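Structure first, commentary second.
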Amino acid sequence: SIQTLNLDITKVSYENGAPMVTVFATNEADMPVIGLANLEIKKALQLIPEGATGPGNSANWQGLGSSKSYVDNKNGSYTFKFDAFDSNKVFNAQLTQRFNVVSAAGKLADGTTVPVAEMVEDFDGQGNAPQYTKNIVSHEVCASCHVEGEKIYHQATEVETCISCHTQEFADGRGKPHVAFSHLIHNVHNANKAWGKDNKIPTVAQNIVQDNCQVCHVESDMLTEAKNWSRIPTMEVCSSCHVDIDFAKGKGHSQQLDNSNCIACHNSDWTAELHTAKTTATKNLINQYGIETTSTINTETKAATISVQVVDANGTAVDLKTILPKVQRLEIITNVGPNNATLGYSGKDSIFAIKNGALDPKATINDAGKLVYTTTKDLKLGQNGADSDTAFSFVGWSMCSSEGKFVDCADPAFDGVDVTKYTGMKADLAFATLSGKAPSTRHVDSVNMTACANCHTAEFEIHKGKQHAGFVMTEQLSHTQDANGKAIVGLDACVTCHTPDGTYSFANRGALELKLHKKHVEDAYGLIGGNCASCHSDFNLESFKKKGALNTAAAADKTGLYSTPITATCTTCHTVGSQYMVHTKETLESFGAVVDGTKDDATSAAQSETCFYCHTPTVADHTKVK
Ligand code: HEC
Ligand code: HEC
Ligand code: HEC
Ligand code: HEC
Ligand code: HEC
Ligand code: HEC
Ligand code: HEC
Ligand code: HEC
Ligand code: HEC
Ligand code: HEC
Ligand SMILES: [Ca+2]
Ligand SMILES: [Ca+2]
Ligand SMILES: [Ca+2]
Ligand SMILES: [Ca+2]
Ligand SMILES: [Ca+2]
C-alpha cells in the first residue's frame, strides 16, 4: 500500500533535560502517515571531534542511549521521550548531537502495509542545526551492489545505521578493534584477511570491489567530510586491508605508537592518487581510441564484409597501420537473426583478424586505413524468416599496454593470460542485410549495461583473458534511446556467441536468455536474490513471439536438448524436478511446453506455451499470477 516511508526529525527540545524528539512521517505522496507501531530512536549519539582523543585520530560517535517510548500525535508526527537518557553521564551540549531513527516494516491498524525506513539527522546541543559533522559516505553507494531496502548482512538496511552502532566506543567496550565500522567495512570486502567466526575469506567481494575506494568514497557537496578517506590516515583503518604491518613492533613498517605522524608522510594527494592510479590509468587508455564499424552483404555471394575504422578520442580517423604494432587482438564474430540467432555457436563466423601486431591473412588494411574482413562461414541469410535477413557482427579488441602507456606487442605468441600486459578497448556492433532493406535489431529495452556497470564498473573488460580481447561495452554499439533520449548500451551483441543453441557445449545454458540468470543466481545470490530490478527495468514479454527453441541440457550422447522459450527462461532458476519448481514435467507439457526435448519439437511448439495466461510477471513482482 505505502511505497516509500519518509521520516524527518522536525524538532528537538532539551528544555526538560533529556531531549524530546519529534518525527514526522510521510508516504510517497507526502501525505502524513498515522499509526506507526514500530518507530524507534535506535541510537542517540554525540560527536567527539577529530583529534580530541589524540593527535591524528578520527572523530567518534559517543553513545547516549535509545528509546521506543513515543506518542502518536495523530497527524503524522510522533514525539519521543527517553526514560534513561545518557546513562553514562557524558552528555555535552557543545557537541553535535545525532539521532538514528528506524521504522520496521509492518502494518498500520487498518492493515496498510508499511515498508522499512531508516535515517539519521544531526543537531547542535540545543536542537538547532549542527556546527560540525562527520559525513563521509551516504547510504546510496551501498545500493549500487546490495539490494536497497533489504538488510546488508544483518540489523539494518542503510549504512548510517551501521555506523551509528559500530562505533569506536562499541569496539573498545568489546575489546574488538576490528568491529569498529571504519575497520569492518574494508575488512569484509578485502581478501587479505578473513572475518567472522566462519573465517570467511572475502574472495567474491574482493573480485568485485577490487579495493576501488571510489565505489564508496564519492566527492559530494552534501558530505563535507568526504575527503576523509585520504585525509585521515590511522593505523586502525589502514590496517583493515594492510593486515601484515605491526606498527607497535616496527614490522613491515617503521614503529608508530599512535597516529600523530601518519598525515605528515602520507599526504592526502599521495594516498588518493596511489589507490586510484590503476583504474584511472586503464580508463584513460580505454578512452584514447574508438572504432566505427560497418558491414555489407554481397548480394551474390551472401557473405558479409566488415570494415573497422579506428578513431581517436575526438572521433578523428586513425589509419590502423599507424597503431597495428600495438594491437594485441581484434576479433570479429558474426551471427544471423538478431532476435533469434540461427547459426549456433559452432556455425558462427569468427576470426582473430589481428593477434599481437600481426594481421591474419584473411584480413587486410585498405588504402583508407580501415581493416577489412569478409566472412567465410555459410551465413544462411534468409533461410529462417524475415529476421534471418540480418547479419550482426561483434568486434572486440585490445591494445598492448604497460603502466598506463600503450606499448608495442613485442611477443607474437603472447597468450593473453597476463592481463597486466594489455587493455580491452571499446567494442562495436554492425548490421547488414541480404535484401538491402533496413536491418532488424534485438530489443534492448529491458536490460542494459548501466545495470551491469553498477557492480562491475563502466570499464568492465568482459571475457578478457586467454580466450578474448575483452569487450568494453559503450555507446559505440548503441542503436536506440530510452524515453528520455539517453542512448541505450544493450547486450544484444553478446548473442553472437550466446545463441539459442548454447555456447561451446550443450550443457552450459549458454543462450543469453539463460546465461546471465544462471551465473548470478549461482554466484551473486547474496547480493541479488530474486531482485530482478538489479538488472531489469522491465520484462519484454513480447520478445518471446520472436524466439524459437532454447537449448537447456545435453543428451547423454552429448547432443543438444531444447525447451520451449518461456519454460527455458523460467527453469534456469526453477529447475524441473527440484524443490524450486512446483510444476512437474507433465504439467508443463500440458501447458504446451517442451522440456529438454529435441530442437525440432521445441521449435514446433515454441509459440504453444500458455504460461502467460496465468503468469503476469513485473519486475516489481515476477511471481505474480491471477
Ligand atoms: C549485466 C547484465 C551484468 C553482466 C553482463 C555481468 N554482470 Fe555480474 N557478477 C556479480 C558477482 C557478485 C559475480 C561473481 C564474481 C566472483 O565470483 O568472483 C559476477 C560475475 C559475473 C561475470 C563472471 C566474470 C567475472 O569477471 O566475474 C560476468 C561476465 C558478469 N558477472 C557479467 C555481480 C553482479 C551484480 C551484483 C548486484 C550486478 C547487477 C551484475 N553482476 C550485472 C552483470
Ligand atoms: C559493489 C562495488 C559493492 C559496493 C558498492 C558495496 N558492496 Fe558490500 N559486498 C559486495 C560484494 C560482491 C560482497 C560479497 C558478497 C558475498 O556473497 O560474498 C559484499 C559483502 C559485504 C558484506 C559482508 C556480508 C557478506 O555478504 O559477505 C558487508 C557487511 C557489506 N558488503 C556491506 C556493504 C556496505 C555497508 C556498503 C556501503 C558502504 C557496501 N557493502 C557497498 C559488493 C559491494
Ligand atoms: C547494533 C544496534 C548494530 C547495528 C545497527 C549493526 N550491527 Fe553489525 N554487529 C553488531 C554486533 C553486536 C556484532 C557482533 C560483534 C562481536 O562482538 O563480534 C556485529 C557484527 C557484525 C559483523 C561481523 C564483523 C566481524 O565479525 O568481524 C558484520 C560484518 C556486521 N556486523 C555488519 C553490519 C552492517 C553492514 C550493518 C548495517 C546494515 C550493521 N552491522 C549494523 C551490532 C550492530
Ligand atoms: C565501500 C565498500 C568502501 C570502500 C570500497 C572503501 N571504503 Fe573507506 N569507508 C567506507 C565506510 C562506510 C567508512 C566509514 C565512514 C564513517 O562515517 O564512519 C569508511 C571510512 C574510511 C576511512 C576513515 C576516515 C576517518 O574519518 O577516520 C578511511 C581512511 C578510508 N575509509 C579509506 C579508504 C580507502 C583508502 C579506500 C580505497 C583503498 C576505501 N576507504 C574504500 C566504505 C568504503
Ligand atoms: C583496502 C580497501 C585498502 C585500504 C583500507 C587501504 N589500502 Fe593502501 N593499498 C591497498 C591496495 C589494493 C594497494 C596496492 C595498490 C596498487 O595499485 O599498487 C595499496 C597500497 C598502498 C601503499 C603503497 C604500497 C606500499 O608498499 O607502501 C601505501 C603507502 C598505502 N596503500 C597506504 C595506505 C594508507 C595510508 C591507508 C589508510 C588511509 C590505506 N593504504 C588503506 C588497499 C587498501
Ligand atoms: C614517514 C616517517 C612515515 C610515517 C610517519 C608514516 N608512514 Fe606509513 N609509510 C611510509 C613509507 C615511505 C611507506 C612505503 C611507501 C611505498 O610505496 O612502498 C609506508 C607504507 C605504509 C603503508 C603500506 C604498507 C604496504 O603496503 O606494505 C601503510 C598502510 C602505512 N604506511 C600506514 C601508515 C600509518 C597508519 C601511519 C601512522 C600510524 C604511517 N603510515 C606513518 C612512511 C611513513
Ligand atoms: C564468443 C566470442 C562470446 C561472446 C561474444 C560473448 N561470450 Fe560470454 N561466454 C562465452 C563462452 C565460450 C563462455 C563459457 C561457456 C558458457 O556458456 O558458460 C561464456 C560465458 C559467459 C558467462 C558465464 C561466466 C563466465 O564463464 O565468464 C557470462 C555471464 C557471459 N558469458 C556473458 C557475456 C556477455 C554479457 C557478453 C556480451 C558483452 C558475452 N558473454 C559475449 C563466449 C562469448
Ligand atoms: C542480471 C544478472 C539479471 C538479473 C538479476 C535478472 N536478469 Fe533477466 N535477463 C538478463 C539478461 C542479460 C537477459 C537477456 C536479454 C536478451 O536480449 O536476451 C534477460 C532476459 C530475461 C527475460 C526475457 C525477456 C526480456 O526482457 O529479455 C525474462 C522474462 C527475464 N530475464 C526474467 C527475469 C526475472 C524474472 C528475474 C528476477 C528473478 C531476472 N530476469 C533477473 C539479466 C538478468
Ligand atoms: C533467476 C534469475 C530466476 C528466474 C529466471 C525466474 N525466477 Fe521465479 N523466483 C526466483 C527466486 C530466487 C524466487 C524466490 C524463491 C523463494 O522462496 O524465495 C522465485 C519465486 C517465484 C515464484 C513464487 C514461488 C512459488 O513457489 O511459486 C513464482 C510464481 C515464480 N518465481 C515464477 C517465475 C516465472 C513464471 C519465471 C519465468 C518468467 C521465473 N519465475 C523466472 C528466481 C527466478
Ligand atoms: C495457471 C493454470 C498456470 C499456468 C498456465 C502456468 N502456471 Fe506456473 N504457476 C501457477 C501457480 C498458481 C504457481 C504458484 C504461485 C505461488 O505463488 O505459489 C506457479 C508457479 C510457477 C513457478 C514458480 C515455481 C516455484 O518457485 O516452485 C514457475 C517458475 C512457473 N510457474 C512457470 C510456469 C511456466 C514455464 C508455465 C508455462 C509452461 C506456467 N508456469 C504456466 C499457475 C500457472
Ligand atoms: Ca529535520
Ligand atoms: Ca533512509
Ligand atoms: Ca578482510
Ligand atoms: Ca558503432
Ligand atoms: Ca500460440
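Chains: A, B, ... in order of the C-alpha cells. Residues: from 1 per chain. Ligands: from 1, in order shown.
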Please provide as a PDB file with N, CA, C and O atoms, in the first residue's frame all residues within 12 Å of residue 205 in chain A, with the sequence filter that same-chain residues fewer than 5 positions apart are discarded (counting only C-alpha atoms).
```pdb
ATOM      1  N   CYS A 145      25.340  -2.088  -5.213  1.00  0.00           N
ATOM      2  CA  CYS A 145      25.659  -3.509  -5.212  1.00  0.00           C
ATOM      3  C   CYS A 145      24.835  -4.363  -4.263  1.00  0.00           C
ATOM      4  O   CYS A 145      24.808  -5.582  -4.449  1.00  0.00           O
ATOM      5  N   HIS A 146      24.210  -3.794  -3.241  1.00  0.00           N
ATOM      6  CA  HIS A 146      23.365  -4.539  -2.323  1.00  0.00           C
ATOM      7  C   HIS A 146      21.957  -4.014  -2.521  1.00  0.00           C
ATOM      8  O   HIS A 146      21.770  -2.804  -2.657  1.00  0.00           O
ATOM      9  N   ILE A 185      34.227  -2.306   7.512  1.00  0.00           N
ATOM     10  CA  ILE A 185      33.678  -2.128   6.171  1.00  0.00           C
ATOM     11  C   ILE A 185      34.707  -2.517   5.114  1.00  0.00           C
ATOM     12  O   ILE A 185      34.365  -3.167   4.120  1.00  0.00           O
ATOM     13  N   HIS A 186      35.987  -2.171   5.325  1.00  0.00           N
ATOM     14  CA  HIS A 186      37.012  -2.504   4.342  1.00  0.00           C
ATOM     15  C   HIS A 186      37.387  -3.976   4.448  1.00  0.00           C
ATOM     16  O   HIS A 186      37.580  -4.661   3.424  1.00  0.00           O
ATOM     17  N   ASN A 187      37.466  -4.453   5.693  1.00  0.00           N
ATOM     18  CA  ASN A 187      37.729  -5.853   6.007  1.00  0.00           C
ATOM     19  C   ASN A 187      36.843  -6.793   5.203  1.00  0.00           C
ATOM     20  O   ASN A 187      37.333  -7.730   4.561  1.00  0.00           O
ATOM     21  N   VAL A 188      35.524  -6.591   5.263  1.00  0.00           N
ATOM     22  CA  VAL A 188      34.611  -7.555   4.665  1.00  0.00           C
ATOM     23  C   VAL A 188      34.605  -7.514   3.143  1.00  0.00           C
ATOM     24  O   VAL A 188      33.954  -8.365   2.515  1.00  0.00           O
ATOM     25  N   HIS A 189      35.297  -6.558   2.522  1.00  0.00           N
ATOM     26  CA  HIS A 189      35.407  -6.528   1.058  1.00  0.00           C
ATOM     27  C   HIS A 189      36.808  -6.827   0.547  1.00  0.00           C
ATOM     28  O   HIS A 189      37.006  -6.878  -0.673  1.00  0.00           O
ATOM     29  N   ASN A 190      37.782  -6.994   1.436  1.00  0.00           N
ATOM     30  CA  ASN A 190      39.167  -7.203   1.054  1.00  0.00           C
ATOM     31  C   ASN A 190      39.629  -8.580   1.519  1.00  0.00           C
ATOM     32  O   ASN A 190      39.404  -8.967   2.673  1.00  0.00           O
ATOM     33  N   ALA A 191      40.309  -9.302   0.633  1.00  0.00           N
ATOM     34  CA  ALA A 191      40.629 -10.703   0.865  1.00  0.00           C
ATOM     35  C   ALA A 191      41.943 -10.923   1.603  1.00  0.00           C
ATOM     36  O   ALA A 191      42.376 -12.076   1.725  1.00  0.00           O
ATOM     37  N   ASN A 192      42.578  -9.868   2.129  1.00  0.00           N
ATOM     38  CA  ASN A 192      43.881 -10.077   2.751  1.00  0.00           C
ATOM     39  C   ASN A 192      43.787 -10.786   4.098  1.00  0.00           C
ATOM     40  O   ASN A 192      44.771 -11.407   4.512  1.00  0.00           O
ATOM     41  N   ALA A 194      40.663 -12.974   6.753  1.00  0.00           N
ATOM     42  CA  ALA A 194      39.295 -13.446   6.859  1.00  0.00           C
ATOM     43  C   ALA A 194      38.569 -12.716   7.986  1.00  0.00           C
ATOM     44  O   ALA A 194      39.177 -12.053   8.829  1.00  0.00           O
ATOM     45  N   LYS A 200      35.444 -16.386   6.997  1.00  0.00           N
ATOM     46  CA  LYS A 200      35.094 -16.174   5.600  1.00  0.00           C
ATOM     47  C   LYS A 200      36.160 -15.316   4.924  1.00  0.00           C
ATOM     48  O   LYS A 200      36.428 -14.188   5.359  1.00  0.00           O
ATOM     49  N   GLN A 210      37.526  -4.762  -5.713  1.00  0.00           N
ATOM     50  CA  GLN A 210      38.895  -4.589  -6.195  1.00  0.00           C
ATOM     51  C   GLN A 210      39.599  -3.430  -5.502  1.00  0.00           C
ATOM     52  O   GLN A 210      40.411  -2.731  -6.112  1.00  0.00           O
ATOM     53  N   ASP A 211      39.280  -3.213  -4.224  1.00  0.00           N
ATOM     54  CA  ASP A 211      39.894  -2.145  -3.429  1.00  0.00           C
ATOM     55  C   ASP A 211      39.706  -0.768  -4.055  1.00  0.00           C
ATOM     56  O   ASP A 211      40.514   0.142  -3.840  1.00  0.00           O
ATOM     57  N   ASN A 212      38.626  -0.586  -4.805  1.00  0.00           N
ATOM     58  CA  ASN A 212      38.403   0.660  -5.529  1.00  0.00           C
ATOM     59  C   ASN A 212      37.683   1.637  -4.602  1.00  0.00           C
ATOM     60  O   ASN A 212      36.454   1.592  -4.464  1.00  0.00           O
ATOM     61  N   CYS A 455      27.733  -2.841 -10.542  1.00  0.00           N
ATOM     62  CA  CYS A 455      28.610  -3.725  -9.787  1.00  0.00           C
ATOM     63  C   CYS A 455      29.968  -3.940 -10.434  1.00  0.00           C
ATOM     64  O   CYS A 455      30.949  -4.127  -9.712  1.00  0.00           O
ATOM     65  N   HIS A 456      30.061  -3.876 -11.763  1.00  0.00           N
ATOM     66  CA  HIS A 456      31.290  -4.224 -12.465  1.00  0.00           C
ATOM     67  C   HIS A 456      32.083  -3.028 -12.983  1.00  0.00           C
ATOM     68  O   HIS A 456      33.144  -3.237 -13.575  1.00  0.00           O
ATOM     69  N   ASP A 523      26.223 -17.365  -8.244  1.00  0.00           N
ATOM     70  CA  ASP A 523      27.417 -16.748  -7.686  1.00  0.00           C
ATOM     71  C   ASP A 523      27.179 -15.378  -7.060  1.00  0.00           C
ATOM     72  O   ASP A 523      28.059 -14.879  -6.341  1.00  0.00           O
ATOM     73  N   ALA A 524      26.016 -14.762  -7.292  1.00  0.00           N
ATOM     74  CA  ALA A 524      25.702 -13.439  -6.759  1.00  0.00           C
ATOM     75  C   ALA A 524      24.386 -13.427  -5.991  1.00  0.00           C
ATOM     76  O   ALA A 524      23.801 -12.357  -5.799  1.00  0.00           O
ATOM     77  N   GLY A 526      23.790 -13.783  -2.875  1.00  0.00           N
ATOM     78  CA  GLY A 526      23.880 -12.974  -1.672  1.00  0.00           C
ATOM     79  C   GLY A 526      23.653 -11.497  -1.934  1.00  0.00           C
ATOM     80  O   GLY A 526      23.214 -10.765  -1.042  1.00  0.00           O
ATOM     81  N   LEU A 527      23.950 -11.034  -3.152  1.00  0.00           N
ATOM     82  CA  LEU A 527      23.735  -9.633  -3.483  1.00  0.00           C
ATOM     83  C   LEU A 527      22.380  -9.395  -4.119  1.00  0.00           C
ATOM     84  O   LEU A 527      21.792  -8.326  -3.924  1.00  0.00           O
TER      85      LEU A 527
END
```
How would you write, as an mmCIF file with C-alpha atoms, in the first residue's frame, the set of residues no farther than 6 Å from ligand 8 when counting only C-alpha atoms and all ligand atoms?
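Result file follows (out.cif):
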```cif
data_model
loop_
_atom_site.group_PDB
_atom_site.id
_atom_site.type_symbol
_atom_site.label_atom_id
_atom_site.label_comp_id
_atom_site.auth_asym_id
_atom_site.auth_seq_id
_atom_site.Cartn_x
_atom_site.Cartn_y
_atom_site.Cartn_z
ATOM 1 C CA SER A 446 14.589 -4.495 -20.654
ATOM 2 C CA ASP A 492 22.317 -7.761 -27.971
ATOM 3 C CA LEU A 512 21.846 -15.150 -23.317
ATOM 4 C CA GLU A 513 18.225 -15.519 -22.065
ATOM 5 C CA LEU A 516 23.153 -14.188 -17.012
ATOM 6 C CA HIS A 517 20.497 -15.729 -14.759
ATOM 7 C CA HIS A 520 24.223 -14.637 -10.993
ATOM 8 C CA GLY A 530 15.253 -12.631 -6.539
ATOM 9 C CA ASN A 531 15.770 -8.911 -7.124
ATOM 10 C CA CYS A 532 15.121 -8.793 -10.854
ATOM 11 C CA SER A 534 19.223 -5.495 -10.165
ATOM 12 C CA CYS A 535 19.401 -5.913 -13.969
ATOM 13 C CA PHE A 539 10.445 -7.567 -18.873
ATOM 14 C CA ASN A 540 9.972 -7.618 -22.651
ATOM 15 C CA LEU A 541 7.448 -10.445 -22.711
ATOM 16 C CA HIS A 622 7.784 -11.530 -11.157
#
```
Original post:
In Å to one decimal, how far is CA of residue 574 in chain A from atom 21 (C, counted along the ligand's line) of ligand 7?
Top reply: 19.8 Å
**OP:** Kindly compile the residues surrounding ligand 7 within 9 Å, counting only C-alpha atoms and all ligand atoms, and format them as a ChimeraX atom specification.
**Re:** /A:331-333,345,350,394-396,427,449,452,461-463,467-468,470-473,490-498,502-512,515-520
**OP:** Throw together the list of residues within 7 Å of ligand 5, counting only C-alpha atoms and all ligand atoms, and drop it here as a VMD selection string.
**Re:** chain A and resid 186 190 211 to 213 229 to 230 232 to 234 237 to 242 266 271 274 to 275 277 to 278
Original post:
Skipping near chain neighbours, those fewer than 5 positions away, what residues fall within 6 Å of residue 551 in chain A using only C-alpha atoms, listed as a PyMOL selection string?
Top reply: chain A and resi 500-502+561-562
Atoms to include: N, CA and C atoms. Write the selected residues as a PDB file, in the first residue's frame.
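What follows is the written file part-v5.pdb:
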```pdb
ATOM      1  N   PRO A 500      20.705 -19.337 -29.173  1.00  0.00           N
ATOM      2  CA  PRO A 500      19.680 -20.311 -28.750  1.00  0.00           C
ATOM      3  C   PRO A 500      20.159 -21.737 -28.724  1.00  0.00           C
ATOM      4  N   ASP A 501      21.263 -22.044 -29.398  1.00  0.00           N
ATOM      5  CA  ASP A 501      21.849 -23.372 -29.398  1.00  0.00           C
ATOM      6  C   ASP A 501      22.923 -23.528 -28.338  1.00  0.00           C
ATOM      7  N   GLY A 502      23.054 -22.549 -27.425  1.00  0.00           N
ATOM      8  CA  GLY A 502      24.096 -22.572 -26.412  1.00  0.00           C
ATOM      9  C   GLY A 502      25.436 -22.031 -26.908  1.00  0.00           C
ATOM     10  N   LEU A 561      19.681 -30.754 -26.097  1.00  0.00           N
ATOM     11  CA  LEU A 561      18.276 -30.824 -25.717  1.00  0.00           C
ATOM     12  C   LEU A 561      17.740 -29.404 -25.572  1.00  0.00           C
ATOM     13  N   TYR A 562      16.456 -29.216 -25.913  1.00  0.00           N
ATOM     14  CA  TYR A 562      15.848 -27.902 -26.078  1.00  0.00           C
ATOM     15  C   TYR A 562      14.488 -27.845 -25.404  1.00  0.00           C
TER      16      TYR A 562
END
```
What are the closest atom pairs, with distances in Å to one decimal, for each residue of chain A lying within 9 Å of ligand 14, using only C-alpha atoms and all ligand atoms, rows by chain and rising residue number, as a Markdown table?
```
| residue | atom | partner | partner_atom_place_in_ligand_line | distance |
| --- | --- | --- | --- | --- |
| A:291 | CA | ligand 14 | 1 (Ca) | 6.9 |
| A:292 | CA | ligand 14 | 1 (Ca) | 4.8 |
| A:293 | CA | ligand 14 | 1 (Ca) | 5.4 |
| A:294 | CA | ligand 14 | 1 (Ca) | 7.6 |
| A:427 | CA | ligand 14 | 1 (Ca) | 8.3 |
| A:428 | CA | ligand 14 | 1 (Ca) | 5.1 |
| A:429 | CA | ligand 14 | 1 (Ca) | 5.6 |
| A:430 | CA | ligand 14 | 1 (Ca) | 6.5 |
| A:475 | CA | ligand 14 | 1 (Ca) | 7.7 |
| A:476 | CA | ligand 14 | 1 (Ca) | 4.3 |
| A:477 | CA | ligand 14 | 1 (Ca) | 4.6 |
| A:478 | CA | ligand 14 | 1 (Ca) | 7.0 |
| A:479 | CA | ligand 14 | 1 (Ca) | 8.2 |
```
Contacts between ligand 3 and chain A, please, where a residue of chain A counts if it comes within 10 Å (with only C-alpha atoms and all ligand atoms); show its shortest atom pair and distance in Å to one decimal, rows by chain and ascending number, as JSON lines.
```
{"residue": "A:42", "atom": "CA", "partner": "ligand 3", "partner_atom_place_in_ligand_line": "2 (C)", "distance": 7.0}
{"residue": "A:43", "atom": "CA", "partner": "ligand 3", "partner_atom_place_in_ligand_line": "2 (C)", "distance": 7.6}
{"residue": "A:66", "atom": "CA", "partner": "ligand 3", "partner_atom_place_in_ligand_line": "2 (C)", "distance": 9.9}
{"residue": "A:100", "atom": "CA", "partner": "ligand 3", "partner_atom_place_in_ligand_line": "5 (C)", "distance": 9.4}
{"residue": "A:139", "atom": "CA", "partner": "ligand 3", "partner_atom_place_in_ligand_line": "38 (C)", "distance": 9.7}
{"residue": "A:142", "atom": "CA", "partner": "ligand 3", "partner_atom_place_in_ligand_line": "35 (C)", "distance": 9.5}
{"residue": "A:150", "atom": "CA", "partner": "ligand 3", "partner_atom_place_in_ligand_line": "38 (C)", "distance": 8.9}
{"residue": "A:151", "atom": "CA", "partner": "ligand 3", "partner_atom_place_in_ligand_line": "38 (C)", "distance": 5.9}
{"residue": "A:152", "atom": "CA", "partner": "ligand 3", "partner_atom_place_in_ligand_line": "38 (C)", "distance": 4.6}
{"residue": "A:153", "atom": "CA", "partner": "ligand 3", "partner_atom_place_in_ligand_line": "35 (C)", "distance": 5.3}
{"residue": "A:154", "atom": "CA", "partner": "ligand 3", "partner_atom_place_in_ligand_line": "40 (N)", "distance": 5.6}
{"residue": "A:155", "atom": "CA", "partner": "ligand 3", "partner_atom_place_in_ligand_line": "41 (C)", "distance": 5.0}
{"residue": "A:156", "atom": "CA", "partner": "ligand 3", "partner_atom_place_in_ligand_line": "38 (C)", "distance": 4.1}
{"residue": "A:157", "atom": "CA", "partner": "ligand 3", "partner_atom_place_in_ligand_line": "38 (C)", "distance": 4.8}
{"residue": "A:158", "atom": "CA", "partner": "ligand 3", "partner_atom_place_in_ligand_line": "38 (C)", "distance": 5.5}
{"residue": "A:159", "atom": "CA", "partner": "ligand 3", "partner_atom_place_in_ligand_line": "37 (C)", "distance": 5.3}
{"residue": "A:160", "atom": "CA", "partner": "ligand 3", "partner_atom_place_in_ligand_line": "37 (C)", "distance": 7.4}
{"residue": "A:161", "atom": "CA", "partner": "ligand 3", "partner_atom_place_in_ligand_line": "5 (C)", "distance": 5.1}
{"residue": "A:162", "atom": "CA", "partner": "ligand 3", "partner_atom_place_in_ligand_line": "37 (C)", "distance": 3.4}
{"residue": "A:163", "atom": "CA", "partner": "ligand 3", "partner_atom_place_in_ligand_line": "37 (C)", "distance": 7.0}
{"residue": "A:164", "atom": "CA", "partner": "ligand 3", "partner_atom_place_in_ligand_line": "5 (C)", "distance": 6.4}
{"residue": "A:165", "atom": "CA", "partner": "ligand 3", "partner_atom_place_in_ligand_line": "1 (C)", "distance": 4.4}
{"residue": "A:166", "atom": "CA", "partner": "ligand 3", "partner_atom_place_in_ligand_line": "43 (C)", "distance": 6.0}
{"residue": "A:167", "atom": "CA", "partner": "ligand 3", "partner_atom_place_in_ligand_line": "1 (C)", "distance": 9.3}
{"residue": "A:170", "atom": "CA", "partner": "ligand 3", "partner_atom_place_in_ligand_line": "12 (C)", "distance": 8.4}
{"residue": "A:171", "atom": "CA", "partner": "ligand 3", "partner_atom_place_in_ligand_line": "17 (O)", "distance": 7.8}
{"residue": "A:173", "atom": "CA", "partner": "ligand 3", "partner_atom_place_in_ligand_line": "17 (O)", "distance": 9.4}
{"residue": "A:174", "atom": "CA", "partner": "ligand 3", "partner_atom_place_in_ligand_line": "17 (O)", "distance": 6.1}
{"residue": "A:175", "atom": "CA", "partner": "ligand 3", "partner_atom_place_in_ligand_line": "17 (O)", "distance": 8.3}
{"residue": "A:176", "atom": "CA", "partner": "ligand 3", "partner_atom_place_in_ligand_line": "17 (O)", "distance": 6.8}
{"residue": "A:177", "atom": "CA", "partner": "ligand 3", "partner_atom_place_in_ligand_line": "27 (O)", "distance": 9.2}
{"residue": "A:178", "atom": "CA", "partner": "ligand 3", "partner_atom_place_in_ligand_line": "27 (O)", "distance": 5.9}
{"residue": "A:179", "atom": "CA", "partner": "ligand 3", "partner_atom_place_in_ligand_line": "27 (O)", "distance": 5.4}
{"residue": "A:180", "atom": "CA", "partner": "ligand 3", "partner_atom_place_in_ligand_line": "24 (C)", "distance": 8.7}
{"residue": "A:181", "atom": "CA", "partner": "ligand 3", "partner_atom_place_in_ligand_line": "33 (C)", "distance": 7.9}
{"residue": "A:183", "atom": "CA", "partner": "ligand 3", "partner_atom_place_in_ligand_line": "27 (O)", "distance": 8.8}
{"residue": "A:184", "atom": "CA", "partner": "ligand 3", "partner_atom_place_in_ligand_line": "27 (O)", "distance": 6.0}
{"residue": "A:185", "atom": "CA", "partner": "ligand 3", "partner_atom_place_in_ligand_line": "29 (C)", "distance": 7.3}
{"residue": "A:186", "atom": "CA", "partner": "ligand 3", "partner_atom_place_in_ligand_line": "29 (C)", "distance": 9.9}
{"residue": "A:187", "atom": "CA", "partner": "ligand 3", "partner_atom_place_in_ligand_line": "27 (O)", "distance": 7.6}
{"residue": "A:188", "atom": "CA", "partner": "ligand 3", "partner_atom_place_in_ligand_line": "29 (C)", "distance": 6.3}
{"residue": "A:189", "atom": "CA", "partner": "ligand 3", "partner_atom_place_in_ligand_line": "29 (C)", "distance": 9.7}
{"residue": "A:194", "atom": "CA", "partner": "ligand 3", "partner_atom_place_in_ligand_line": "27 (O)", "distance": 8.4}
{"residue": "A:195", "atom": "CA", "partner": "ligand 3", "partner_atom_place_in_ligand_line": "27 (O)", "distance": 4.9}
{"residue": "A:196", "atom": "CA", "partner": "ligand 3", "partner_atom_place_in_ligand_line": "26 (O)", "distance": 3.8}
{"residue": "A:197", "atom": "CA", "partner": "ligand 3", "partner_atom_place_in_ligand_line": "26 (O)", "distance": 6.6}
{"residue": "A:198", "atom": "CA", "partner": "ligand 3", "partner_atom_place_in_ligand_line": "26 (O)", "distance": 8.8}
{"residue": "A:199", "atom": "CA", "partner": "ligand 3", "partner_atom_place_in_ligand_line": "26 (O)", "distance": 8.7}
{"residue": "A:200", "atom": "CA", "partner": "ligand 3", "partner_atom_place_in_ligand_line": "26 (O)", "distance": 9.5}
```
Original post:
Using only C-alpha atoms and all ligand atoms, which of the listed residues (A:368, A:120, A:248, A:432) sits closest to ligand 12?
Top reply: A:120
Original post:
Contacts of range 215-224 of chain A at 7 Å or less, counting only C-alpha atoms, minus same-chain residues fewer than 2 places along, as a list in words?
Top reply: residues 135, 136, 137, 141, 212, 213 and 226 of chain A
Subject >> Length of the CA of residue 57 in chain A to atom 27 (O, counted along the ligand's line) of ligand 4 vector [Å] >> reply: 7.1 Å
**OP:** Collect all residues with atoms no farther than 7 Å from ligand 12, counting only C-alpha atoms and all ligand atoms, and output them as number ranges by chain.
**Re:** A: 117-119, 158
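Closest approach to ligand 4 among A:201, A:336, A:235, A:36 is made by A:235 (distances from only C-alpha atoms and all ligand atoms).
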